[PDB]
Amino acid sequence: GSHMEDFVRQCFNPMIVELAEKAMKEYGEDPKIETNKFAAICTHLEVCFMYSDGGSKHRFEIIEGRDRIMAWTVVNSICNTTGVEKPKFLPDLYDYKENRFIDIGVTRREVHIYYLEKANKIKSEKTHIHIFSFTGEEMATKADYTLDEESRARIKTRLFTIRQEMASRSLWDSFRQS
(Lines of atoms letter the chains of each structure in order from A and count residues from 1; the text may use other names and numbers.)
(Lines give C-alpha, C1' and ligand atoms only; values in the text may rest on other atoms or scores of the structure.)
Protein backbone atom coordinates (compact mmCIF):
# COMPACT_ATOMS: atom_id res chain seq x y z
CA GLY A 1 0.00 0.00 0.00
CA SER A 2 2.21 2.89 -1.32
CA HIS A 3 1.70 6.67 -0.93
CA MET A 4 2.19 6.84 -4.76
CA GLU A 5 -0.89 4.63 -5.36
CA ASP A 6 -3.17 6.71 -3.04
CA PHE A 7 -1.70 9.93 -4.60
CA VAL A 8 -2.53 8.71 -8.15
CA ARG A 9 -6.16 7.84 -7.20
CA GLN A 10 -6.87 11.33 -5.73
CA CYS A 11 -4.82 13.20 -8.48
CA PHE A 12 -6.64 11.77 -11.61
CA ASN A 13 -10.39 11.50 -12.28
CA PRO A 14 -11.88 7.98 -11.78
CA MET A 15 -12.42 7.40 -15.56
CA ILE A 16 -8.63 7.92 -16.22
CA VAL A 17 -7.73 5.76 -13.17
CA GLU A 18 -10.06 2.89 -14.45
CA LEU A 19 -8.55 3.06 -18.03
CA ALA A 20 -4.99 3.02 -16.52
CA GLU A 21 -5.82 0.00 -14.25
CA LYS A 22 -7.30 -1.87 -17.29
CA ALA A 23 -4.18 -1.03 -19.47
CA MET A 24 -1.73 -2.49 -16.85
CA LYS A 25 -4.01 -5.56 -16.27
CA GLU A 26 -4.61 -6.02 -20.10
CA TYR A 27 -0.76 -6.60 -20.06
CA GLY A 28 -0.91 -8.62 -16.77
CA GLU A 29 0.66 -5.95 -14.44
CA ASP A 30 -0.16 -4.56 -10.94
CA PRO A 31 -0.95 -0.83 -10.23
CA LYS A 32 -0.24 -1.63 -6.49
CA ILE A 33 3.40 -2.74 -7.27
CA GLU A 34 4.33 -0.81 -10.48
CA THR A 35 3.14 2.55 -8.99
CA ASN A 36 5.50 4.72 -11.15
CA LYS A 37 4.13 3.00 -14.30
CA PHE A 38 0.59 3.62 -12.90
CA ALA A 39 1.28 7.38 -12.53
CA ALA A 40 2.93 7.61 -16.02
CA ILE A 41 -0.02 5.81 -17.73
CA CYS A 42 -2.58 8.07 -15.95
CA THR A 43 -0.48 11.15 -16.98
CA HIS A 44 -0.31 9.95 -20.66
CA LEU A 45 -4.13 9.32 -20.73
CA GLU A 46 -4.95 12.76 -19.19
CA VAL A 47 -2.67 14.61 -21.73
CA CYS A 48 -4.17 12.66 -24.72
CA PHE A 49 -7.75 13.57 -23.60
CA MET A 50 -6.78 17.28 -22.89
CA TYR A 51 -5.11 17.33 -26.34
CA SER A 52 -8.22 15.90 -28.15
CA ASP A 53 -10.40 18.60 -26.37
CA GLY A 54 -8.17 21.32 -28.01
CA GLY A 55 -9.42 20.84 -31.60
CA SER A 56 -12.58 21.81 -33.50
CA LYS A 57 -15.37 19.27 -32.65
CA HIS A 58 -14.73 16.41 -35.21
CA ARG A 59 -10.97 17.01 -35.58
CA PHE A 60 -9.49 13.93 -33.86
CA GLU A 61 -10.26 10.22 -33.69
CA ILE A 62 -9.28 9.16 -30.16
CA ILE A 63 -7.21 5.88 -30.21
CA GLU A 64 -5.66 6.04 -26.69
CA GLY A 65 -8.08 4.78 -23.97
CA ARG A 66 -9.71 2.03 -26.15
CA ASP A 67 -9.22 -1.77 -25.76
CA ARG A 68 -6.13 -2.74 -27.91
CA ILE A 69 -8.25 -4.84 -30.35
CA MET A 70 -10.75 -2.00 -30.89
CA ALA A 71 -7.81 0.53 -31.09
CA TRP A 72 -6.20 -1.43 -34.02
CA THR A 73 -9.68 -1.89 -35.62
CA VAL A 74 -10.18 1.93 -35.63
CA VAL A 75 -6.58 2.42 -36.91
CA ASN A 76 -7.32 -0.01 -39.80
CA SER A 77 -10.58 1.82 -40.62
CA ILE A 78 -8.62 5.13 -40.85
CA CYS A 79 -5.77 3.61 -42.97
CA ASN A 80 -8.28 1.82 -45.27
CA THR A 81 -10.41 4.96 -45.77
CA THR A 82 -7.63 7.63 -45.99
CA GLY A 83 -4.89 5.39 -47.56
CA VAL A 84 -2.43 6.72 -44.86
CA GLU A 85 0.35 4.19 -43.93
CA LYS A 86 -0.58 1.68 -41.15
CA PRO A 87 1.64 2.63 -38.12
CA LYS A 88 3.76 -0.15 -36.49
CA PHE A 89 2.93 0.99 -32.91
CA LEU A 90 -0.52 2.09 -31.68
CA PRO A 91 -0.77 5.90 -32.02
CA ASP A 92 -2.83 8.13 -29.61
CA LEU A 93 -4.98 10.23 -31.99
CA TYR A 94 -5.71 10.62 -35.70
CA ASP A 95 -5.84 14.23 -36.93
CA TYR A 96 -8.60 14.45 -39.60
CA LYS A 97 -7.54 18.08 -40.39
CA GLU A 98 -3.84 17.34 -41.07
CA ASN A 99 -4.47 13.63 -42.04
CA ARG A 100 -1.88 12.07 -39.71
CA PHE A 101 -1.60 9.87 -36.57
CA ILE A 102 -0.19 11.55 -33.44
CA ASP A 103 1.90 9.85 -30.74
CA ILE A 104 1.96 12.01 -27.57
CA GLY A 105 4.62 11.49 -24.90
CA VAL A 106 5.35 13.04 -21.50
CA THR A 107 8.91 13.14 -20.17
CA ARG A 108 10.79 14.21 -17.00
CA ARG A 109 14.08 14.26 -19.08
CA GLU A 110 14.97 16.94 -21.71
CA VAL A 111 12.19 16.88 -24.37
CA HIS A 112 14.52 15.97 -27.23
CA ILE A 113 15.74 12.76 -25.50
CA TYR A 114 12.29 11.09 -25.56
CA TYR A 115 11.48 12.74 -28.95
CA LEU A 116 14.55 11.04 -30.58
CA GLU A 117 13.89 7.69 -28.80
CA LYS A 118 10.30 7.83 -30.16
CA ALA A 119 11.45 9.08 -33.60
CA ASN A 120 13.30 5.69 -33.95
CA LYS A 121 11.61 3.12 -31.61
CA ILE A 122 8.38 3.79 -33.60
CA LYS A 123 10.23 4.29 -37.01
CA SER A 124 6.83 4.31 -38.99
CA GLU A 125 7.89 7.68 -40.60
CA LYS A 126 4.52 9.46 -41.25
CA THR A 127 3.37 9.46 -37.49
CA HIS A 128 3.49 12.97 -35.89
CA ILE A 129 5.32 13.06 -32.49
CA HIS A 130 4.42 15.64 -29.83
CA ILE A 131 6.44 15.50 -26.54
CA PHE A 132 5.59 17.54 -23.37
CA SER A 133 7.94 17.90 -20.35
CA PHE A 134 7.05 18.52 -16.66
CA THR A 135 8.94 21.88 -16.99
CA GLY A 136 6.73 23.43 -19.73
CA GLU A 137 8.75 22.52 -22.88
CA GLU A 138 7.25 20.75 -25.92
CA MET A 139 8.75 19.39 -29.11
CA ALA A 140 6.79 18.23 -32.21
CA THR A 141 7.62 16.86 -35.69
CA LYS A 142 8.50 19.74 -38.13
CA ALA A 143 7.87 22.29 -35.34
CA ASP A 144 4.14 21.74 -36.21
CA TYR A 145 2.43 21.84 -32.77
CA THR A 146 -1.08 20.99 -34.16
CA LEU A 147 -3.22 22.98 -31.57
CA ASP A 148 -3.58 26.71 -30.64
CA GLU A 149 -1.03 27.92 -28.00
CA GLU A 150 -3.78 28.17 -25.27
CA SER A 151 -4.63 24.39 -25.63
CA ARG A 152 -0.93 23.43 -25.27
CA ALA A 153 -0.40 25.97 -22.45
CA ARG A 154 -3.18 24.41 -20.25
CA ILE A 155 -1.52 20.96 -20.73
CA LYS A 156 1.84 22.34 -19.66
CA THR A 157 0.21 24.01 -16.63
CA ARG A 158 -1.49 20.73 -15.58
CA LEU A 159 1.82 18.76 -15.90
CA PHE A 160 3.67 21.30 -13.66
CA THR A 161 0.77 20.96 -11.15
CA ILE A 162 1.17 17.11 -11.13
CA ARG A 163 4.91 17.70 -10.58
CA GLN A 164 4.36 20.09 -7.58
CA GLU A 165 1.71 17.69 -6.05
CA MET A 166 4.23 14.74 -6.27
CA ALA A 167 7.09 16.96 -4.90
CA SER A 168 5.03 18.27 -1.94
CA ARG A 169 4.51 14.53 -1.04
CA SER A 170 8.23 13.51 -1.54
CA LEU A 171 7.17 11.27 -4.46
CA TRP A 172 8.82 13.41 -7.24
CA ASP A 173 12.50 12.30 -6.74
CA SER A 174 11.45 8.60 -6.76
CA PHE A 175 9.19 9.31 -9.88
CA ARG A 176 11.75 11.58 -11.77
CA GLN A 177 14.56 9.00 -10.95
CA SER A 178 12.53 5.84 -11.99
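Numbering starts at 1 and follows the sequence shown.
Entry-level comparison of average CA B-factors, 9-17 and 152-160, reporting the higher stretch: The entry gives the higher C-alpha B-factor average to 9-17.
Per the entry, higher mean C-alpha B factor between 36-44 and 116-124: On average, C-alpha B-factors are higher across 116-124.
Selection by C-alpha B-factor (highest) of 144, 53, 61, 26: Each of 144, 53, 61, 26 was compared by C-alpha B-factor; the highest is 26.
Chain-relative CA temperature factor third for residue 130: Residue 130: CA B-factor falls in the lowest third of its chain.
Entry-reported Cα temperature factor of residue 69, expressed as the chain third it lands in: Within its chain, residue 69 is a highest-third residue by C-alpha B-factor, going by the deposited values.
Third of the chain's Cα B-factor distribution that residue 84 belongs to, per the entry: Within its chain, residue 84 is a highest-third residue by C-alpha B-factor, going by the deposited values.
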